[PDB]
Each structure stands twice: as structure tokens, then as C-alpha cells.
Amino acid sequence: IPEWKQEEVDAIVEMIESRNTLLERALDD
Amino acid sequence: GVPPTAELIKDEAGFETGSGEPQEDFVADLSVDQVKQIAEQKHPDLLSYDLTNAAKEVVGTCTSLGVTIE
RNA sequence: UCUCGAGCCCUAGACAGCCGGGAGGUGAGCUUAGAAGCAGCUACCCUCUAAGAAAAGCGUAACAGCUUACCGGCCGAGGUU
């Protein structure tokens, strides 16, 4: 549950709003 | 292309050789404006998009020589 | 080789392997005829970025070149102390 993985997803989700697992994670929201 | 930073500083600095110890032994000074110009002489040799960042790059060698700012 | 225990990492993909990336300012400054990660001394900063040292180990007359760190992929279950 590293915090950097949690901050990454939120950062990715932020870009989409305007690692593959992390991308899937973000796109999954 | 455009000459490297190292010299471009010593030109608008008035000196020739860096001190024995950087940031510790201040050799010269540079106004913020002065750094805004060099950041233009090297518009290609750098990766920055805005002139802001370009400065940070240039404003990296300085303090690590004794080149204070005002 | 068998048995027991503790810490930490892991399907948000660990450990290892293999493939790809390892980039700009900038050959840092000083020293020096020259030294550019890698003689010595000092500093060791910031851009682009998913990463990438002012460079850990070779290598060179000095470069070159080969790799480590670091990131990504393939893989899929324990791994490490």
C-alpha cells in the first residue's frame, strides 16, 4: 500500500480527467 | 552550437577562474536580469519549455562556483 | 539435510532472469599542456520524465566503449534478512 503508488494513481487520474497496473487502476475510475 | 555556460558566466562576471571552493568562496555576482539573458543565448542547448526552467539550469552552475545573485 | 521462531517485501506483481530505456545543461569548478563519472581537491546542484549519479565497477594516453544504479515490459508466487 505504498503512498507513492497512491499518489501516482491520483496523479494519473488527474491527467486523464483533462506502470500498466497503475494506468488500469486510474482508468478503472 | 551556442558556447557552453561555463564561459558565458565569466563574460558578464568580469572574472576568469572559479574559486577553490564553490558557494563557499564567492567569485562573482549576477543580477536576475543577467541570468535571463544567458537563458536566451542557450535556448537550444536546453530542454526547458518556459524561460523560467531554463534559468534553473543556468542557475545551477553559478552558486556551485561562487556566483551569487541580487 | 531436517525442524522451530522473528523482521521486512509482495497479484497496486515481489525475488531472479531476459528485453527495452539509461537522456540534456555539461567535456561540473578547480588543478593541468590535457583529464571529459571514474589522478587529485571542492561542490554534488536542475531540465525533461516512467526512469537516469556533479557517477558504483572495469576500461582509455586522454576520448571511445562495457556495465551498476535508477524506469518501463514480459513472466507469475512466494521472496529476503
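Proteins come first, then strands; the chains are lettered A, B, ... in the order of their sequence lines, and each starts at number 1. No hydrogens, no waters, no symmetry mates; every other heavy atom, side chains included, goes into these values.
- Residues C:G65 and C:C8 show neither Watson-Crick nor G-U wobble pairing with both defining distances under 3.5 Å.
- Note on A:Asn20: only backbone sugar-phosphate atoms sit closer than 4.0 angstrom, heavy atoms only; bases stay farther off.
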With the criterion being N/O to N/O and under 3.5 Å, what pairs connect the protein with nucleotides 11-14 of chain C, and how long is each?
unit_1	atom_1	unit_2	atom_2	d
C:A12	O3'	A:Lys5	NZ	3.1
C:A12	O2'	A:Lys5	NZ	2.7
C:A12	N7	A:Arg25	NH2	3.0
C:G13	OP1	A:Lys5	NZ	2.7
C:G13	OP1	A:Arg19	NH1	2.5
C:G13	OP2	A:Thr21	OG1	2.8

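- B:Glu24 comes within 4.0 angstrom of sugar-phosphate atoms only, judged by non-hydrogen atoms across all strands, and of no base.
- Using a 4.0 Å heavy-atom cutoff across all strands shown, B:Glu21 reaches sugar-phosphate atoms only and no base atom.
- B:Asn53 pairs by the side chain to side chain donor-acceptor pair (under 3.5 Å) definition with B:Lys56, not counting sequence neighbours.
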Set out, line by line, the N/O atom pairs under 3.5 Å between protein and nucleotides 27-30 of chain C.
unit_1	atom_1	unit_2	atom_2	d
C:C30	OP1	B:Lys10	NZ	2.9
C:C30	OP1	B:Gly18	N	3.3

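- Other residues sharing a hydrophobic cluster with B:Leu47 under the 4.5 Å side-chain heavy-atom criterion for ILVMFWY residues do not exist; the residue is a singleton.
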Could you give the side-chain donor-acceptor pairs of residues 7-24 of chain B under 3.5 Å, partners two or more places apart or in another chain?
unit_1	atom_1	unit_2	atom_2	d
B:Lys10	NZ	B:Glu16	O	3.2
B:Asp11	OD2	B:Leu8	N	3.3
B:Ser19	OG	B:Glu21	O	3.0
B:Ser19	OG	B:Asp25	O	2.6
B:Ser19	OG	B:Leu65	O	2.9

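- Using atom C1' as the reference point in both C:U32 and C:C58, the two lie 25 Å apart (nearest Å).
- Nucleotides C:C45 and C:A55, compared at atom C1', are 14 Å apart to the nearest Å.
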Response to the item:
With sugar-phosphate taken as primed atoms, P, OP1 and OP2 and all else as base, the protein-contact string of nucleotides 75-81 of chain C at under 4.0 Å (heavy atoms; B, S, -) is -------
Side-chain donor-acceptor pairs under 3.5 Å in residues 2-29 of chain A, sequence neighbours left out?
unit_1	atom_1	unit_2	atom_2	d
A:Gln6	NE2	A:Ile1	O	3.0
A:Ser18	OG	A:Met15	O	3.3

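- Applying the side chain to side chain donor-acceptor pair (under 3.5 Å) test to every pair with at least one member in residues 43-52 of chain B, sequence neighbours left out, gives these pairs: B:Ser48-B:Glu57.
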